[PDB]
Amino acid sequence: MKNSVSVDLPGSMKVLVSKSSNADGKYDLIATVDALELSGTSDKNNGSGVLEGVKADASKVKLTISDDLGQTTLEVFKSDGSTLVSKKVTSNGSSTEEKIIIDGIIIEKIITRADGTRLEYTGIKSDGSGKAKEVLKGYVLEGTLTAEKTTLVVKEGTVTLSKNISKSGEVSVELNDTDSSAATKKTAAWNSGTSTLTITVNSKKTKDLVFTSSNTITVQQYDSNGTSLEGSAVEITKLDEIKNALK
């Protein structure tokens, strides 16, 4: 663009904005997304506004850049401009969220966190349920989605550990053991204040599992008396290490 200042956006993206406005006070915008040129005009001078383009197969594409530049939304529609096919919304430290939708129902949603970890929701039905995978540093957790919550499950012996993630993204964790023996049965107390699950066996505390803000799990053992934590917390790097903690 004759004019053009290049403006960096969330998502490696860039937009060219005219240096000056036209007679009507508007600014010209152009962007190449993938290999598709999008153009638009805006009453702001910073790169924000709406850009539009059309695929070779008639699909309608729409890039919306928020007024403060902290968020882009990229949508691809059917040729009608109204039936939404896919939508990717990128914001700060750079989460992405991508969705795919037929027929007006959201059938798939992927969320990439700023640390690279992912929640992947597949097979999503109109009642809001589907399959859930959480892609973490070293391993993957699997479970299910409902309208109320995501539940990721790990089983070891007679123990089931459930990591629940609310709509707000708040994590809570449950453990149940169908063991019939007071000698070996695991029980656990969740402290939402510390994001920590304390496992007890036969009235003694045995381990703390901390579910961190970095989307990791650490494990730390209590002394043989159940009195105090010893050593240092150790980051869990594989699913088998979670299972070891549930033995």
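Note that residue numbering follows the sequence shown and begins at 1.
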Open item on the list: Tell me which stretch, 233-241 or 10-18, has the higher mean Cα B-factor listed in the entry.
Closed with: 10-18
Open item on the list: Quick check: 76-84 versus 114-122, which has the larger average CA B-factor in the record?
Closed with: 76-84
Open item on the list: Among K26, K55, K185, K207, where is the Cα B factor highest in this entry?
Closed with: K55
- [ ] Have a look at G138, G93, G143, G157 and flag the one whose Cα has the highest B-factor in the entry.
- [x] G93
Task: Assigned third (lowest, middle, highest) for the C-alpha B factor of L69 - done: middle
Task: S166 by Cα B-factor - lowest, middle or highest third of the modelled chain - done: middle
Open item on the list: Test of reading the entry: by CA B factor among the chain's modelled residues, which third contains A35?
Closed with: highest
TODO: Classify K133 as lowest, middle or highest third according to the C-alpha B-factor given in the PDB entry, relative to its own chain.
DONE: lowest
Task: Cα B factor band for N191 (lowest, middle or highest third within the chain) - done: lowest
